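Colleague: Below is a structure I'd like to ask you about.
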Amino acid sequence: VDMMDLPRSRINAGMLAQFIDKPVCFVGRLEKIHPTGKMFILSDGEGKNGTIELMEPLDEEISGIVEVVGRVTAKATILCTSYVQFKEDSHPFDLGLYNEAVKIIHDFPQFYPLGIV
Amino acid sequence: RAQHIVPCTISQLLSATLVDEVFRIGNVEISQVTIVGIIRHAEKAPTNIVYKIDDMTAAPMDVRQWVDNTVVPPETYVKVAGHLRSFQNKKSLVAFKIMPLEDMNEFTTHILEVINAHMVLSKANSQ
């Protein structure tokens, strides 16, 4: 913990609020990188913003679609413990579609369960 | 009777239990399955290669691939087709196909296909 041993919930930014302190999975487009390298902004499939906080300043540069894994802060930002740049080079990732999937994941937890049930 | 290749989340696999000689999550019999996750750790051996594959849904799972190309680099996304087997009360997947994800959209497709197949088959099983 290091959260790789727990279920993590795929959310959009619309849901941050309903997820304080829970482990989550935020997929978004890189909007801004803070000068310090310690914080950055991703916009979800509905074009809304989530703030990603870091422990160590960003190691190298990132952009495009990033998938962040972290705990939702008291301030409803995300303390990130790892991220992944999405292989985009041959086909662009439809961020809007993914957003529908997220919604559907939450209308149907009996069919996309979270953790051993 | 008929045995489809059911798309799944790892949380579904770890939750499936044995019921009359076949694995079952919800009331969907499963055997052949595809998952899509992210290689968190490779493990080389000459016979077999063991991966730790993580989607969102639970702790990463073991995926064994029996060798005979190269070891897929930790960090990459992959689709996996295989058989769900449990040995020492521990579920693992026996992969026939492990293919680095080309178009990250396939990944969304999967989330959609899982929720869909599971919804359809569980309905079809009544009745």
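We're sticking with Swiss-Prot numbering for chain A, so the shown stretch reads 2-118, in order.
According to its header, this structure was worked out by X-ray crystallography, 3.0 Å.
Cβ coordinates are placed from backbone N, Cα and C, and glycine is handled just like the others.
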Colleague: If Swiss-Prot marks one of A:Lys33, A:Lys39, A:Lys76 as ubiquitin cross-link, which residue does it mark?
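Modeller: So the answer, going by Swiss-Prot, is A:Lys39.
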Colleague: Labelled ubiquitin cross-link in Swiss-Prot - which residue from A:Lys49, A:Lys88 would that be?
Modeller: A:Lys88
Colleague: Do me a favour and check the Cα-Cα span between A:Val2 (N-acetylvaline) and A:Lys23 (ubiquitin cross-link); whole Å is fine.
Modeller: 13
Colleague: Near A:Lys23 (ubiquitin cross-link), which residues of its chain come within a Cβ-Cβ distance under 8 Å, counting only those 6 or more away in sequence?
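Modeller: Spatial neighbours, sequence-distant, of A:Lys23 (ubiquitin cross-link): A:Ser10, A:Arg72, A:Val73.
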Colleague: So for A:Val2 (N-acetylvaline), how many other CB atoms are inside 10 Å of its CB?
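Modeller: Neighbour count, Cβ to Cβ under the 10 Å cut-off: 8.
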